[PDB]
Amino acid sequence: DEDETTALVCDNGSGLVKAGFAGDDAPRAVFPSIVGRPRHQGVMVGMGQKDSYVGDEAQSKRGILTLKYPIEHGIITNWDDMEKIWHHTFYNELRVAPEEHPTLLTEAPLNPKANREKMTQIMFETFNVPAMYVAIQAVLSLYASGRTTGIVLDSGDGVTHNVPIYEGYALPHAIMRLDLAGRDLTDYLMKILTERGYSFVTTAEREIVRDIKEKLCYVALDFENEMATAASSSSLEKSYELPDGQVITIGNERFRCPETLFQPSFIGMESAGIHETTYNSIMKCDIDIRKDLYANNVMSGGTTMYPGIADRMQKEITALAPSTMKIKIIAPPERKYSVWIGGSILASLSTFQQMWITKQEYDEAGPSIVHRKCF
Amino acid sequence: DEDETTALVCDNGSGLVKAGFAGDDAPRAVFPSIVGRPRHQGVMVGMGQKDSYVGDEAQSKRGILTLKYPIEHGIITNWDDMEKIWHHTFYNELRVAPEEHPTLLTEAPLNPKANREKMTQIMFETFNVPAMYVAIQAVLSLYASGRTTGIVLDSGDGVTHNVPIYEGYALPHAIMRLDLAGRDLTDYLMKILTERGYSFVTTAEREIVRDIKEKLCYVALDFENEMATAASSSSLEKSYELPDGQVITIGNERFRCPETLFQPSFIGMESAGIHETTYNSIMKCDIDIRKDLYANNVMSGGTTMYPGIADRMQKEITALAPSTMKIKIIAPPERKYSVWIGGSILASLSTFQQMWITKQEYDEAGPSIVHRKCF
Amino acid sequence: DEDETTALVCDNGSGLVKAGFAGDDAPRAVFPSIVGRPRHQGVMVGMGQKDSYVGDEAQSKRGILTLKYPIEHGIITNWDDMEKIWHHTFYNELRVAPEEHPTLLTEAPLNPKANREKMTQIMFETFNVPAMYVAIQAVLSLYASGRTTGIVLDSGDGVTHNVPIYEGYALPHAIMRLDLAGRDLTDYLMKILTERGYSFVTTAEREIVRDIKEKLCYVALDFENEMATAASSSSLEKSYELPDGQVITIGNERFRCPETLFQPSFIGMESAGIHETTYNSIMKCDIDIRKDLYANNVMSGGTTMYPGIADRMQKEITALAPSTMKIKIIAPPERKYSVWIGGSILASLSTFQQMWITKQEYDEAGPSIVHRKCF
Amino acid sequence: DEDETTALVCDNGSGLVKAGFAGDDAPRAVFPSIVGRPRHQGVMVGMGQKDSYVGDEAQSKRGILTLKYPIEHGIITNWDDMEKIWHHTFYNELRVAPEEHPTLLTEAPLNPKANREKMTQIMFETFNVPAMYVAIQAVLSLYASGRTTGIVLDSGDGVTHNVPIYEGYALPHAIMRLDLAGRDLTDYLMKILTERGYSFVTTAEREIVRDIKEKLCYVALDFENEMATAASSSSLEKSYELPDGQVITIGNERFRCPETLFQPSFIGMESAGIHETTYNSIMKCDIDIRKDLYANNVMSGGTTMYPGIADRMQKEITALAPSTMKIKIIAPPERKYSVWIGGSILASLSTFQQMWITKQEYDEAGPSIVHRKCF
Amino acid sequence: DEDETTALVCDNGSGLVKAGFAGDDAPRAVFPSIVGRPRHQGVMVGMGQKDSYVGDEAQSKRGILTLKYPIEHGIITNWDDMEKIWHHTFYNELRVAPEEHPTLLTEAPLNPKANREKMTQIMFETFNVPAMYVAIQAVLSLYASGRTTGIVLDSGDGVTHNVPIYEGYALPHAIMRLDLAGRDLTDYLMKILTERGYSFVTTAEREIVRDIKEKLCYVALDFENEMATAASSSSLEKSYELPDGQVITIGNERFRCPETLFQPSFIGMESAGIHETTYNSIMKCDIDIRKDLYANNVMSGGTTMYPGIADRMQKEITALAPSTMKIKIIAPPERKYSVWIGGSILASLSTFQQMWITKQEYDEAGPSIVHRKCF
Ligand SMILES: Nc1ncnc2c1ncn2[C@@H]1O[C@H](COP(=O)(O)OP(=O)(O)O)[C@@H](O)[C@H]1O
Ligand SMILES: Nc1ncnc2c1ncn2[C@@H]1O[C@H](COP(=O)(O)OP(=O)(O)O)[C@@H](O)[C@H]1O
Ligand SMILES: Nc1ncnc2c1ncn2[C@@H]1O[C@H](COP(=O)(O)OP(=O)(O)O)[C@@H](O)[C@H]1O
Ligand SMILES: Nc1ncnc2c1ncn2[C@@H]1O[C@H](COP(=O)(O)OP(=O)(O)O)[C@@H](O)[C@H]1O
Ligand SMILES: Nc1ncnc2c1ncn2[C@@H]1O[C@H](COP(=O)(O)OP(=O)(O)O)[C@@H](O)[C@H]1O
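Protein chains in written order, with the authors' numbering: chain A, 1 to 375; chain B, 1 to 375; chain C, 1 to 375; chain D, 1 to 375; chain E, 1 to 375.
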């Protein structure tokens, strides 16, 4: 609180907002992106509740609330709800006066121009920021990495991409999309557990299943052989206590759930699994740069956090590639916050501080400015 | 760095610049003559790239870049690009201060007067050389050889010539031209490999094919009989690993590609093959000097480097010449740098140091001087 | 069904089989070339479905099926699938007994010898044809045209060529290739529509987008000026009802999609647009025949069907050619079936009936016969 | 078509056949003497072309064809090709039945006896002429002129001669030969235009250059002074449109090309220029007849058609001859057909009709007859 | 190198210089008399050539050089060139210091007084000889012979004479001249070989033809009968390999060429053949000395070297002379050097050493002295 200034790095996630100050090593505020007020709301004797805050309160308030994601699949679809999320971010989580900070916002891949313009309009008109930037989330991640060359497999919450990069450039024609990512894997685990006679269907039960997924699932060494071991499997049958206190047993569901990344037909997806899309992406590049891609396969995103994933990707890529090809899979430790960190590096870039968009630019060429000939 | 001085010998090739110091046995700097910057250029997060350097970086940077040759067919056609190549030569490759060195430049056969004048203007005005010479590349080669008499077959990258020489003089009416040389053979190998179901069409793929040509092609003992052996040929089917790691098999393409020098109709050229042009050149000379030409057929240029070429030329010339004629084919070992070496000998000629062109001559009779009544 | 005989004209297209009887004015059978069976196949209560028929059933059966093209890029790559397509052609579409009809088959440019031999082997051994011919598809088209001289621009589904022709001969060195054609334009329209927030990614969605392309796209008068008019464009914003019944609006995507033929960099292609390849092809011919080429530029192929294409080509060629050059663009009305019609003319050529290949020739010199010294 | 008869006057030129009926004022048929069929011949879909007709078709068919002259340097060297030229002459150009017409044929200077005998054998055995004569082409020209005395400079297509004549007799020891004539000047113009960066090397390009030569070249008033005016020459820089439509500029090449007749060293010829050979020829005659030669210098042949040639020859001869010598240069208007006209006069000579050679003479003393003791 | 002294005998021939020391049996130095430097001279890379040496170098250097004879027809016409020939003679061929040797020079018949004076001036002023003599070449030959009486037929290179001699005196009125000799016969053989379709026109080709003449020509026994035998002549058709290696066949040209000495009308000469001039010379002498002439006909000169010439001259003279006349033809073996040998005898004549001309005589009565009242 003086001269200088930082850069409000707000990564608008499909399920979680990550926000903080440029220059910090990780976001200081992480809260669910949802909207929820009592679904039954039966009055009582007073009030003192906040209608649709969701954020952190919701979670801990599981069972009372309803949820909505105004950013459900990564694109913002409800501007009144999004204004509530940004107000919460600035005033309740970070506890800042937004008019004192240049703010860098992230946007999903393929975000419409008109959507970026509405984001810009709200920042300047509603929150009175002195400036702002919009950055592409994949791009920020790439930034955080620091690798000019290599092929990234980025699997997050709602989408997975394979992005080959040569000298810093995402050759746009190589990238392929997959709908599936963690949101789909949590829904599939709810369904397969419901196969055993359990019942996980409510909003609260979804949260419970997301926790089972993140704590007990793993990727097999070989799907077929893991299924065969399931028979005499005395390991798989882990126990998990529900908040009600009942204890369920989870066995082959531990590896059947994430097997979907390699076999999208488990959820009905025709798409090619992540090892096939990696190969298909490398084959859309020049033959010449393929050796550099094969030796620099970088994993990113929350859904690449499973133990065993790098070794499995090494095995599968080795099976598809030429016999003399050197293959290397890199996974950065704390991948998931790779998107926020790239934003932090960019926003905290004094040297490129002219890329931030300003109140004068917005007034001159409206918000589009932050879209036409920059970010 | 003292008195005396050397002579900047810069051989401006259609595909490669050869440059160094007069008196060295070979050029110290050899780099592709091209211009290229990112064809897709997708920004990123910083810079630190050099726009259109090409030189050596390009090659190793295959797939990102585009190429241009400002000297595509041997004549310089873009002076802003050529200034970049000469700046790279002096400051980045040789690491010299050009104002300290007389510089000998080479020029293609049939280079327009106005082109030699523009070369001269740039050397004096842009690089401030103390002097300079322009030399004819064929001539330099001839110089390097050291043979006063004989008929040279010089096949390089973009052109092939037959030059009969009697007492040091190129009888200008005997020389014949051929468009075809190595540039054409690389393009033809790309095309014939594409016949087998492979696809070699990009800039990067051209470089790959140039490597296959230089490592695996050869000239047959007899074209017709080699084609007949192709059937039960278990030798021809060599393997070559692409940078992508795939392995292709090359068979009759190994000798079909260079067969074009003897049969220009393979690429649609009406011209007479190199054995016919040799004979036609000797027959435009006096009958009397023909015995000296037949016994001194000297091969020069990169495209004469194929194993077997001297024996094939001996066989073909013997078949066309009178039965009692003594025929000898000479091939100098490291032919290709024959052009640079001749320049080095000339430029490093203290005794003929008055042939260098000077800043006073350029100022007096402009650059033309280095054209009218000298080189 | 008597003496005489016709000629089974089967044009094996990358996406569509065109087949019929020699002498008919157009093919009587046109069906998608694909292979597809239920991707989910969930049993039920009976059967009565045909595993991978594709043909016409598929289309109308959109959403259930998967697709494969055994001729994806014009070259046949799966012989068991191709045998199914030919069986369907003969027995289900034409309803003929193949052993009663000489059959002319078409093949893609650059089809390997061994591939033509396998086509021949199947016709004689599997279908017992009395004879057969293999014809080159471009050639058949040329045949259908009837023009000895002129430069053809042929843009079809998977490839576009510029072919200069003087007295009936395709000067092979003039022709240039382009990967792009209609298959690429449909993929690019799916991608650009997905930019607006729509989602066209499935096999069924590809078919939907191919229909939007064929019904609503057009080529601009000038790309730059059309983009500028897009702003106040109240015309462009056509509506299109999806099979789900939702209605999308299509605007600048109508002309951005086919702009790719003139600007291949829109899909990442370095290649030169079709006006540049036309000029480059004419410049590889003798100067003398150029006036005949400029006055006989013939358009062929499905991707040349856009309204406005001839006028745009006239404008662009006029801008590149000498000022006194007479330029004429010819487009034959029903171009697309130009390939089948040329086959029909050839196959129905009683006078050249000796070019058909026979069961005795195949038995004597195997199938190669239909390759070595004929078609 | 009745009694009487004319005389088939066929002048077998190195580049053009001139043929017609004795008594006509000029030949009715003039066509290139060449042989050419498709050099690439790529089949197609039919035929209807004539293999190696050349004649007129070739020219108009420039770029497809190859050429051969069976009479390249004036002497017939291929009898199967010559039979094709004579068949074309009789049946396609003149449309006559050769067995109805005595035919006079011309032959080059120094034609071997055996060659005249083979010409005679073909006329009688192949074409069944009733008679024939062979005439010496120079002689026919002399005949056409009508001058008994004077020195002729005859410059045609492949040769130039100086022939002093006193009372009708060519004093054989005075005549001198020069290789150079129009064929050489066209080749030299191709070469010098290629010096400016143009490229004229193909058969079609040779025809183009022959047209530039015949339409735009001229002989200078003084070579040295014309070169000096070239600097500020704003006239010379004429424009010429190529069939491709490009426009080239021609300047000093307009007079440098024909300067070769006066300076044969421009093409490497040691020979003395045409003014020196004229003087050298007059000095090999008696001193006494020199005054008659100096006052009757007659120009003949196509290469004497340049505007300015008579005035230049007057100037140069005046400079070499004694000061009191009366010098006169005569140039007949339509010189080039001077050879055919002399043949027409001779052949149409009823009074000397006994000089024609007959079928009985050929049968008696073979063809030689038309050689031994006549023509 | 001591007292005494020899006499520099330099025979200045029209084509060959013969020089040596008086008293030697034959000249030690024989070299072509010519002047020649590169006709094309195209620079190169150095020098080390001698501009117009000609001498021996020329010959062996055939094709590069030009020729000039400063003594073309026997009379010296260029004194700067002649000084070069004499310098070469003294310093390069004989390797003498001319100031140490009295030098005898030969001169052609009818050499002008002023020419002999200029020869004398050069010897004394340029070469500082101590003395010199000028001798008449015919005279020297006569001297070498040793016959006081008889009629000599002397046929050399540029002239042929018939000289009747009675008691040592050439009766000047009897002698007759002929232009023709070997120079003419070589030119005529070039022309007649060019009749068969060969082409011998250059300086190098002249040298080749001179060799064919000297190795294969001969004089017939009877011209008419030799021509008649030519038909079934299987002998005449000798082969001769050209330096280019081609092989020509020579037949009746072997005797047609030298037939010109007996029939000068073959080259257009009106003159009477050598047998007629012999008879005409004898008839201009007294009747009384004719018997001595008829019995002493001595042949001399290079052109009398043909085998068969003495027998033919015996036959022809017998046919013209009275029936009882004794006729004898003498031919000295090595006739050609008869001119040099006579000079050697004279110059080496101690007894007549007072006839040498001295530096004092030249200074007193200038050079004329060696002309007025001596030689
Ligand atoms: N340790 C982990 N193991 C497996 N999945 C994880 C882990 N940590 C986070 N995830 C999952 O990763 C997803 C969030 O990843 P993220 O890269 O932030 O996605 P996005 O950027 O698409 O919002 C959620 O589905 C979450 O459950
Ligand atoms: N060993 C080799 N075998 C065959 N071709 C070769 C070899 N080395 C070089 N070349 C070829 O020679 C050509 C370069 O020859 P060069 O004489 O330098 O040509 P230029 O002087 O016309 O630029 C290139 O086409 C190159 O591929
Ligand atoms: N009216 C049309 N307008 C634009 N494209 C068309 C039209 N009709 C057909 N096409 C396209 O033309 C292509 C098929 O053309 P065709 O010449 O048959 O190709 P190929 O021979 O390469 O299989 C398909 O991409 C199709 O969508
Ligand atoms: N008007 C002209 N000006 C200059 N050259 C001409 C002209 N007309 C014809 N020629 C040339 O004259 C030559 C033909 O002359 P011609 O006397 O017929 O030769 P030849 O008899 O040796 O065949 C050709 O080289 C042609 O280009
Ligand atoms: N063996 C020979 N047969 C025929 N001619 C010969 C022979 N030897 C020399 N000659 C010719 O004789 C001529 C030279 O004779 P020479 O008496 O020296 O002449 P000159 O004195 O007139 O110079 C040359 O033409 C040469 O070719």
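Built from N, CA and C at the ideal position, the CB exists for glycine as well.
Which stretch, first to last residue, makes up the alpha helix (DSSP H) that contains residue i?
| i | result |
| --- | --- |
| E:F223 | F223 to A230 |
| A:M82 | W79 to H87 |
| E:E241 | From DSSP, E:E241 is part of no alpha helix (DSSP H) but of the beta strand (DSSP E) over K238 to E241. |
Ordered along the chain, which non-local residues of its own chain (more than five positions away) have a Cβ less than 6 Å from that of residue i?
| i | result |
| --- | --- |
| E:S271 | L178 and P264 |
| D:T186 | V209, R210 and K213 |
| B:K326 | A295 |
Please return the same chain residues whose Cβ sits closer than 8 Å to the Cβ of residue i, not counting the five positions on each side in sequence.
| i | result |
| --- | --- |
| B:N296 | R147, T149, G150, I151, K328 and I330 |
| C:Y218 | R254, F255, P258, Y306, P307 and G308 |
| C:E207 | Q59 and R62 |
Looking only at DSSP bridge pairs, what is residue i linked to?
| i | result |
| --- | --- |
| B:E107 | B:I136 |
| C:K18 | C:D11 and C:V30 |
| A:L178 | A:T160 |
| A:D154 | A:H161 and A:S300 |
| B:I64 | Answer is none; B:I64 lacks a bridge partner. |
| B:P38 | B:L65 |
| D:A170 | D:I165 |
Kindly give me the distance between the Cβ atoms of residue i and residue j, rounded to whole angstroms, as I take these residues to be in contact under 8 Å.
| i | j | result |
| --- | --- | --- |
| A:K336 | A:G301 | 7 Å |
| D:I85 | D:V17 | 6 Å |
| B:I267 | C:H173 | 7 Å |
By Cβ distance, which residues of its chain are closer than 7 Å to residue i, with the 5 residues on each side in sequence left out?
| i | result |
| --- | --- |
| E:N111 | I75 |
Spell out whether any CB of chain F is found under 8 Å from the CB atom of residue i.
| i | result |
| --- | --- |
| C:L180 | Checking the listed chains, one finds no chain F in this structure; the protein chains it contains are A, B, C, D and E. |
(request) Would you list, in chain order, the members of the region 69-101 of chain B that have their beta-carbon closer than 9 Å to a beta-carbon of chain C? (result) none
(message) Give me the subset of the region 25-41 of chain B whose CB atoms are less than 8 Å from a CB atom of chain A, sorted by chain position.
(response) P38, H40 and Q41
(request) Compile a chain-ordered list of the residues in the region 251-274 of chain C whose CB is closer than 9 Å to at least one CB of chain B. (result) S265, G268, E270 and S271
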